[PDB]
């Protein structure tokens, strides 16, 4: 038998954190890939040393060659540029994603592929097209991270555990994201009940929705250098762990729609069930007219960037 193999295309701050989480949870062999010579090998050696502290024998390897991803069960991609907005990175990152997709096809076409590079929803479509993989084995991490911030902001206000706060963000990653305050619950209890009983005001929720939208930039401005990576990494590994352990987790991810929400042949953020065979079910929310309008606006931005890529051959 063989252990599960997890390849991380991109060994930066998010990639390194994901590798450490894989090591700590014993998810499988970890391969850190990067175009920067020797840098992934250094992090991999550091990580291997840490396995002694954790009392595991996880194998972590660094590499500058795509052939070492051969046989990967999961592939997570952070390659690209990350520093007008994210959407303007389309041309540069689309070409990096196509190269990555070509190598997935050649070396690990059975992999479950999780994309993080932005503009996320368009990069997912580029990767699927270039790799030739089933649509249900390629997806993007955005909604889990956006939802983790939404949940945390709500939980801290109500002073309950984030575990007991359910909250979802759908649509495209970026300022057109659509948080769903109407669906927020505390262990199933509508958040509306906590407004009535005085735990939180409608205005406070309104502000939390906007803080979720701008949370990425809030961290960039505080850090001074770089972007968030602890929550992004943890969100991607939660998706990967749901696949590798067939957990059947309900998670908002960027996935392929074929009629749901009135969207045809497009990757967009929606609640899905992730399990042993990839994206196994798309949950189609009963959106109100106003919510569907916000969601539809999100889709148009994505569909326009596709056409902007369309006419760039």
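Residue numbers count along the first chain shown, from 1.
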property	result
133-141 versus 167-175 - which carries the larger mean C-alpha B factor in the record	167-175
252-260 versus 44-52 - greater average Cα B-factor per the deposited record	252-260
Per the PDB entry, maximal CA B factor within 223, 231, 113, 108	223
Out of 78, 227, 161, 148, residue topping the C-alpha B-factor column of the entry	227
Chain-wide C-alpha B factor ranking for residue 281, given as lowest, middle or highest third	highest
CA B-factor ranking of residue 301, expressed as a third of its chain	highest
Chain-wide C-alpha B factor ranking for residue 66, given as lowest, middle or highest third	highest
Residue 190 - Cα temperature factor, lowest/middle/highest third of chain	middle
B-factor third for the C-alpha atom of residue 206 within its chain	highest
